[PDB]
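Colleague: Sequence first, structure after; it's an experimental one.
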Amino acid sequence: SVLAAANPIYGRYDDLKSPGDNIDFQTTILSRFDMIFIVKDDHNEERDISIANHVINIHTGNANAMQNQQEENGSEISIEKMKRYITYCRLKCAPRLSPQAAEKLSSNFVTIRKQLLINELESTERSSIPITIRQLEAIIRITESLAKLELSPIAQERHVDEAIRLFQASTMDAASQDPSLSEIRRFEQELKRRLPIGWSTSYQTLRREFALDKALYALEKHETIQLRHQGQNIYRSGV
Amino acid sequence: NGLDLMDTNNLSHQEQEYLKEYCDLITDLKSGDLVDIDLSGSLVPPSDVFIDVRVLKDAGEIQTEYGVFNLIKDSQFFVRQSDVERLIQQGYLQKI
Amino acid sequence: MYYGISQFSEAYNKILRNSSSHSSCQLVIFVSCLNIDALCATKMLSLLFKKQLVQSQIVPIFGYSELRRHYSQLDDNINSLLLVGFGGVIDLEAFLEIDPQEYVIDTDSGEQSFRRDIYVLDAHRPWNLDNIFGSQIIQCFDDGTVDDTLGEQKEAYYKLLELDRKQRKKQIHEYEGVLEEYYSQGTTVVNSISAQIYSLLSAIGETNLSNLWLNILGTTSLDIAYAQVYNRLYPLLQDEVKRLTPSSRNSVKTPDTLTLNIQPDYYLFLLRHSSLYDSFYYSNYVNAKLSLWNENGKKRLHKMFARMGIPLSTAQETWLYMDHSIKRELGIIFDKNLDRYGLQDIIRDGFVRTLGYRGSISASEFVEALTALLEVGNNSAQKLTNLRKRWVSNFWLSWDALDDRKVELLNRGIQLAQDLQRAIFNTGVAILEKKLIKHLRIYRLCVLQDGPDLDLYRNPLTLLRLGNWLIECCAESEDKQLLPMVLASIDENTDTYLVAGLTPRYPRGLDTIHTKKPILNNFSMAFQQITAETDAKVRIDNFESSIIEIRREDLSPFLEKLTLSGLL
Amino acid sequence: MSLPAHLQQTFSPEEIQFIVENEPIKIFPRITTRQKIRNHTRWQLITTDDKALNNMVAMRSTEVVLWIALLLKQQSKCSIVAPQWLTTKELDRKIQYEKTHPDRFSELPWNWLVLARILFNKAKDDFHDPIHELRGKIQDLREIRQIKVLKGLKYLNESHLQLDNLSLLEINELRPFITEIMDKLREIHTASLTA
Amino acid sequence: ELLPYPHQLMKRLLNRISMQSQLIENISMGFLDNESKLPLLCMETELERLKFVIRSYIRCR
Amino acid sequence: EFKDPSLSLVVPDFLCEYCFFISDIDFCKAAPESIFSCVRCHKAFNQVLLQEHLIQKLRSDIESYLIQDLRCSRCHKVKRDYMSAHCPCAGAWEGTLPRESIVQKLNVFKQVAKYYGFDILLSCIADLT
Amino acid sequence: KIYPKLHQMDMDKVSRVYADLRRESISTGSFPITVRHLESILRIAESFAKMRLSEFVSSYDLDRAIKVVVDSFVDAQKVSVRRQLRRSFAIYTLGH
Amino acid sequence: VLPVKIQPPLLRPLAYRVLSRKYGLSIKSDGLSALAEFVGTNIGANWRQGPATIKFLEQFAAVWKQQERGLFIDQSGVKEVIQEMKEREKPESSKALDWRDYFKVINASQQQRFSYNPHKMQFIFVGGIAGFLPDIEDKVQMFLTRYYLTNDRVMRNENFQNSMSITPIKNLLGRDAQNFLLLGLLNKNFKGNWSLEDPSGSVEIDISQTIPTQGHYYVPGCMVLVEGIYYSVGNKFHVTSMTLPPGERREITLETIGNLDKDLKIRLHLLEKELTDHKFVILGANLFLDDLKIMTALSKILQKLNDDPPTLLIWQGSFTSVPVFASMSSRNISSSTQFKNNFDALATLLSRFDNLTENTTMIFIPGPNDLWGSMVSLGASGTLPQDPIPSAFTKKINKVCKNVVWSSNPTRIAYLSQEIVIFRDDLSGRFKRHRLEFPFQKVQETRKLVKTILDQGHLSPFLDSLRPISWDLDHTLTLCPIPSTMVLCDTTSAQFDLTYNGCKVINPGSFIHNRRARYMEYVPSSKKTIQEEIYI
Ligand SMILES: [Zn+2]
Ligand SMILES: [Zn+2]
């Protein structure tokens, strides 16, 4: 198994640039990897305080006590024990999918490929992160590993649901990164002038007015509108 | 029968009824004629009459045949193995 | 006196008559955990009652609150109670709410009998006169102090008891002064409970090698803080070892022979279970005599090892695998090259027990292993109870360590002892480098506010271990005059401190007239007096009287009032 | 079912010890229950003879059932006398017999292993010979008898087998193998002889 | 095979257990008012052994 | 660090029945004389009206908690479907009004009722549990 | 021969400094402020403690490291925002 | 029968001898003392209590099934059960069985949490001031649990009756033109077109050219059984015929849940025959106490009932003419205290009848214009599991009577082995308003309403945006057992009494229809209803 750590060009991700510009790896090499994690520096104050307080505890000797206490509490496993457990699981269990699990995996692979197709059609450019049959086998392998760690001879739908969640959190997240313009500007101007600052309009009405309408999501980023009633109501948040 | 009467959702309705009546049948056997001997007792031979035990789970106070046992947690007794067999099997006393 | 030395057999026979019934378990032994001497005494009692098939219950109690709660929970059928390691310094009938009229049966005929007998068994000398003299339910296993050194107190107590003009009032105040001067005295220890129970066994005739070994362990538990007591009791153990060892000496070793021996047992730290270098380095006495805490101490140690001609590679080798040439010349080498550094007191005679082919072990090492197992074996008023629960649980680990079939637990205890001594050394060098000990004209305070592994010191035994380290270091410094020391350790989870008022002691091996008079720990009365007024959420429940748990915010005013308190 | 799987057709070694503990042994009492000519509770047991128990005289050898001798030896109230076969001279004689006749076992008592273990554990100080040598000879006898068994389990036919002089614990530990291999070699034979 | 049941022997054994349990209870009541407890302990443990033998026999059957 | 010792509990747009003054009455912060009487005038206010408005705000808070819209905890996209284990971006759903906020509001209401002796408000709080 | 330890310290001050550094790095800045720049404060404090041959990092040795790190961050910013950044960070270098 | 006091020490030997040796029950000191007290009180000289202890332990092992019998609750419970079994056999008691011990009313806040484990299990789930606040996962699973219950109902009825399978919506993706049978929750997408929501996903449906079963109300939020051909050209499901899931008989659900003991069933069956003459009177809806005419009519009704008081007198919701809300005024408008005055006036017209208000449980059901529910909704259909009328407004009414219960709007009655559910809501109006049209008399509409409610299996098969529901208190609305008797109170539907799938549905209607104070009478023993119109 290959666990490879890389770095996008320019060091930082630079989400202003296209997702294909940050990653210099070819599609062929990127297709082998089952899960392609793209982590980012959130620069969130509440998370930064937590990270700082954790790192300081690491430095000021507090780790040698806290980790030992957690391990003896039973919420952790020492390296010498996890290594033996991993060897035992690998030499004892090789789970195979149940038919209900296989139906879920197929119906999810179709959804994933449809989403990739619509993203490619919208962007009119092949996605840098590929989704192929090798990724269906990747989800199969993740499901079987999740079942294996429990020594379950057959992989239920719980493992399929968790494997699907893991794939969505890693490779779909990597592939979903996004950077016409005249239509976006027209939509923003017309809804700013028509829909007042303090009121709300329903989305079916905006559809009648008319697309994918990513302009509404962009405005939601700018905190000028807000979809509240389960997406059925578009409310001008006050900007 | 000397440990606990229990997840029961693993059993079908027929199996649950079978177990429920089977416990009653066992109790009937333990009361018909073989009441002097404890038919549900342990099948290990009674090697030593006197044993020492350690209280695992606190159970306050439990009345024995003559005196009483104060099952204080992490307190060690030295009593006859006869009158603590059920508690040991249930999971309140540990040693031997 | 209540029960002298010569009449322990009377107490044992009374216990047998009252509660040796196979029908039920009418005997309950209350043992104070965090006390090796009480642990060995209770092991002796357990073995003795196992021989006579007397059903009994052994309860480890940590504090006085637990004792009161258990006694309240105690059933009325139990007609024999043993308190091991505590109860001799407090008004037990008052503390437990005991009135003799509700426990008396068959009053008639100059005799009295009671439905429950409490036998207190401890070594702390401030005997409560209402226990040793004015109560029949409470029966104290005296060691001969009361019948010889409490005549004046006996007369003073009895005169006031019987008497309920000017001469009468003056004499009452004179007698009451005798009682008062008896109190306001620090709590010391004169004897070992293990030796007392071994004396009882000698009276009954149940002595054997295992009981003698438990006696040796209990006595050696006193050598760190009460070396005068250990030196007093050592000749008796030396005689007993000679008496019990079989005449078939110089025989071949067989997988069954158990040998108690009196051989040179140097006063190092786990010498046989660790390297020679680590035995010197982590020894309390060597640290005091060389000041290894500073940087120059390690250089002094290396220079000493070079002087003896022991290579550092050989010195750091594990004691089992040390070359037989060096290991067989330790006595000669130590004779030649120890008086130079002032470590002549390192050479000593101790007891070493070998069980067949399992290798030697000395009582000094065994008690360190037992202590380690007691210490680290496994919103605010609840987590503390969890700590008490774990502390009670560790008592059974230390108890099972005594059995010869659980050597795999004694080895774990040895490893824990080495780790704890390492942690104690690290915290000691951290305290002595930052100069945390604030010198005063009353008591040298020292508060642990922050650092590593500070959760080790919420245990009273580990805090006393660190305090003994510091006190040994200070005792060998001539400039530093003798003065009580205070240690505190903040518990972050409970936001409470653990103040442990200690006592100073003279340098080990220094025998003088003032050394003969023991030093008395006056912190108990000071703590109780300060807590009685000025409510500060102080928890005075430890059998070790000079240890309290105080709130984080209330610590400083408490220490201020203690400074204003001239009791100690 | 009522009887666990590991107790189906064999005896657990605890049950073998239980069976052995019912055999009489000779003891030297440390008490005296013999009522004088000039109260007291008598044993009056129901599964053995109480006559030798109500008439114990200190240091006068009697014979009591083993599980009672052990009960008294729990205190210091008796002293179990080792059987004559449990001495170094007799053990050496039996070892010589085993080394001299490689086709048949020696005539050791059926409970020799169980009795040796029980006496070594509970009566370790009642042997006229050093126990560190009795253990070393018991182990030697066990090793020789194990060598002879492994070379006779090479004769597991389908008709019968004569394990003469074999002990009880050895038979008990060999039962699930011998009695389940001979069953299969018998089923094969009867299947062949279906004509 | 299931061996034939010894009705008479088991009837006598159960009668003996009942009578001995009653005797032990009566002696205990008398003691509930020398201090020789070895005979009583031996009675109790002997009865326990007999009960175990009958227990195992019945459960095997 | 300094944290404000007082919380806030405002009855928005309270109306004075005499001078027609529209003010936001705050109960946890304002002085007692500034809540039982108006500001521009000095006429008193009904205890029943204050308790009624406090109860109305409490029920409004409860209803707003119950009818809130869930949203993903990672991409913050509002939940649109009715049966969904988690967001399609592998993020657990979370409410726009956290439960702890409503718990704090309820504790504030209980404290105000116990201090000012609002009987009907205490009855409401008891009726909740 | 020296290895200072960070026992006595105010982790709150270092955490606040790191949070402020990241907040001002993301907006109106280009110097990357990762967790490495949080550990740089501790390493520089340990070096300063080494200079005094001390075996424990004092509060001065931590304030000096914080000042060094924030100064190196600020002086690399554009002159337009340098005054504002210095004013914002002045509250951590109080005393010098 | 001779009283005596016996101390625990002497009873201890025999007690243990039986409880512990025979069956394996550990007796504590306090429990031993309580058992000694019981034996001393109900027998003298404490000799022949062996059968009593044997009965105690056998009942304990048959029902309670645990250890440590000395808990003061297990002993009391087993003694009581012995008392009732001795009573039905016809000591401590030898009287007749009373239905009061078997009659209870369950509020919406005191039912058993029953969440269905999706594969096959109906699990049981069972803390401060804000301990009633539902968690977020409760809102997440509120519709999932309902879907699982409906899916189990379909898997039990449809396949064994009709045998097309149910394909989850996620399975329709790659298939191009195949025929599928979907069970999904009908709803409107944010894009404005109808769709079905399933735990596996959702799909838009082309409702044109659909032939629906005319005997049902179809509204958004109701779970339907559509059938059609999927098309991948636009990802739409061209539905052809859509119908509500088939209902289930109650007895069928009971063996699946398996909830009753045999003795309790026998006693309940016995009192079913013994208690033949019990009458339940269900008053009309909208008892507007503010109205003087309704107040006078209620006086005549109460006078008529005073001659022969019934077992239960159920009062329906909206006790006041106008919704209660915070009113800014200096008069006695005071919508809170005016409610108190109305209930005090009711106390005057209700305490006047001594024969009534005695031996008659008086259950009150809130409505759309009641306190604590109309504060925010202003008389609209707000949160459905309405909390009972606050006790602060029931001082005089509760003081006048001795057995008055203030219960939730969807309350449950446990009078006998049968269950009775009372629900006050204008279901017909909402159903008619939100019924969706298909592009493709009065009794028929009532049958449609009852069939829709029972086939859905939910009291309110509506979306969360149309009838907000407390997330944890949703099982109080689910008709998983399909109770035998349901009081589907209404104000916009004609009075009716219909039976369907073993369930009796009765709607008393408005209190005043034209000029008569209508009310309903129910006889549980005969399962027969009759209306009693009284002229003003
Ligand atoms: Zn005003
Ligand atoms: Zn999301």
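Modeller: Yes, it's here. Residues are numbered from 1 along each chain as shown, chains lettered A, B, ... in the order given. Ligands and ions are numbered 1, 2, ... in the order given.
Colleague: How about the contacts made by the closest residue to chain D within the stretch 51-200 of chain C?
Modeller: At 6.1 Å from chain D, residue C:51 is the closest residue in the stretch 51-200 of chain C, using Cβ to the nearest Cβ. Bear in mind the C-beta positions are built from the backbone N, C-alpha and C, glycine included. By Cβ atoms under 8 Å, 6 or more residues apart in numbering or on different chains, residue C:51 lies in contact with C:206, D:75, D:76.
Colleague: Top of those residues by number of neighbours, please.
Modeller: Neighbour counts for the contacts of residue C:51, by other Cβ atoms under 10 Å in any protein chain shown, peak at residue C:206, which reaches 17 neighbours.
Colleague: Mind naming the longest helix for chain E?
Modeller: Looking across chain E with DSSP state H, the single longest helix is helix E:7-31.
Colleague: So the following helix or strand past that helix, near chain B or not?
Modeller: Per DSSP states H and E, helix E:7-31 leads on to helix E:38-60 as the next helix or strand towards the C-terminus. Yes. Helix E:38-60 reaches chain B (Cβ under 8 Å from any Cβ of the partner chain) through E:41, E:44, E:45, E:48, E:49, E:51, E:52, E:54, E:55, E:56, E:58, E:59.
Colleague: List the buried residues for helix E:38-60?
Modeller: Buried residues in helix E:38-60, counted by 16 or more other Cβ atoms under 10 Å in any protein chain shown: E:38-56, E:59.
Colleague: can you check stretch C:315-335 too?
Modeller: Within stretch C:315-335, the residues that qualify as buried are C:315, C:316, C:317, C:319, C:322, C:326, C:330, C:334, counting by 16+ other Cβ under 10 Å.
Colleague: returning to what we had before: could you restrict the buried residues of helix E:38-60 to the ones contacting chain D?
Modeller: Applying Cβ under 8 Å from any Cβ, the subset of those adjacent to chain D comprises E:38-43, E:45-47, E:49-50, E:52, E:56, E:59.
Colleague: is it possible to export those to CSV including distance to residue H:398?
Modeller: Conversion of those to CSV gives the following (distance: Cβ to Cβ, whole Å):
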residue, distance to residue H:398
E:38, 72
E:39, 72
E:40, 66
E:41, 67
E:42, 71
E:43, 68
E:45, 67
E:46, 70
E:47, 65
E:49, 69
E:50, 68
E:52, 65
E:56, 66
E:59, 62
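Colleague: From the residues you listed, pick the one nearest ligand 2.
Modeller: Ranked by distance to ligand 2 (Cβ to the ion), these are led by residue E:59 at 61.5 Å.
Colleague: Give me the helices and strands touching the longest helix along chain F, please.
Modeller: When chain F is parsed with DSSP H, its longest helix is helix F:47-66. Of the remaining helices and strands, those touching helix F:47-66 by 3 or more Cβ pairs under 8 Å, 6 or more residues apart in numbering or on different chains; DSSP states H and E are strand F:10-15, helix F:99-116, helix F:119-128, helix H:335-351, helix H:374-377.
Colleague: Find the closest residue to chain E in chain F.
Modeller: Using Cβ to the nearest Cβ, the closest approach of chain F to chain E is made by residue F:85 at 50.8 Å.
Colleague: meant to ask about chain G, not that
Modeller: Closest approach between chain G and chain E, counting by Cβ to the nearest Cβ: residue G:7, at 62.3 Å.
Colleague: residues near that residue, how many?
Modeller: Residue G:7: 18 surrounding residues under other Cβ under 10 Å.
Colleague: what about the nearest residue to it once chain neighbours are set aside, how many neighbours?
Modeller: The shortest distance from residue G:7 to any non-neighbouring residue, by Cβ to Cβ, 6 or more residues apart in numbering or on different chains, is to residue C:451 (4.6 Å). Residue C:451: 21 surrounding residues under other Cβ under 10 Å.
Colleague: and what of residue C:428?
Modeller: Neighbour number of residue C:428 under other Cβ under 10 Å is 19.
Colleague: Let's verify it: helix, strand, or coil?
Modeller: Here residue C:428 takes the helix state, with states given by DSSP: H, G, I helix; E, B strand; the rest coil.
Colleague: is it true that it touches residue C:465?
Modeller: No. Checked against Cβ atoms under 8 Å, the pair residue C:428 and residue C:465 is beyond contact range at 10.2 Å.
Colleague: re earlier: what's the local residue count around the residue of chain F closest to chain E?
Modeller: Neighbourhood size, residue F:85 [other Cβ under 10 Å]: 13.
Colleague: so how far is residue H:458 from it?
Modeller: Counting by Cβ to Cβ, to the nearest Å, the separation of residue F:85 from residue H:458 is 22 Å.
Colleague: Which parts of the chain are helices?
Modeller: Defaulting to chain A. A:19-22, A:27-32, A:45-59, A:62-73, A:79-92, A:99-123, A:133-149, A:157-167, A:173-175, A:181-194, A:203-209, A:214-221.
Colleague: nope, chain H please
Modeller: Using DSSP H, the helices of chain H run over H:8-16, H:29-42, H:50-59, H:74-89, H:136-161, H:250-257, H:262-274, H:292-307, H:335-351, H:374-377, H:395-400, H:427-434, H:442-456.
Colleague: count of residues packed around residue A:44?
Modeller: With other Cβ under 10 Å as criterion, residue A:44 counts 14.
Colleague: Which part of chain H gets nearest to ligand 2, residue-wise?
Modeller: residue H:140 (13.8 Å).
Colleague: Next: chain A.
Modeller: Here chain A gets closest to ligand 2 at one residue, residue A:168, 9.5 Å apart by Cβ to the ion.
Colleague: Return the residues in contact with that residue.
Modeller: Going by Cβ under 8 Å, 6+ apart, residue A:168 touches F:88, F:89, F:90.
Colleague: With residue C:356 instead?
Modeller: Going by Cβ under 8 Å, 6+ apart, residue C:356 touches C:253, C:254, C:255, C:256, C:257, C:258.
Colleague: Then residue D:165?
Modeller: Neighbour list for residue D:165: D:104, D:105, D:106, D:107, D:108 [criterion: Cβ under 8 Å, 6+ apart].
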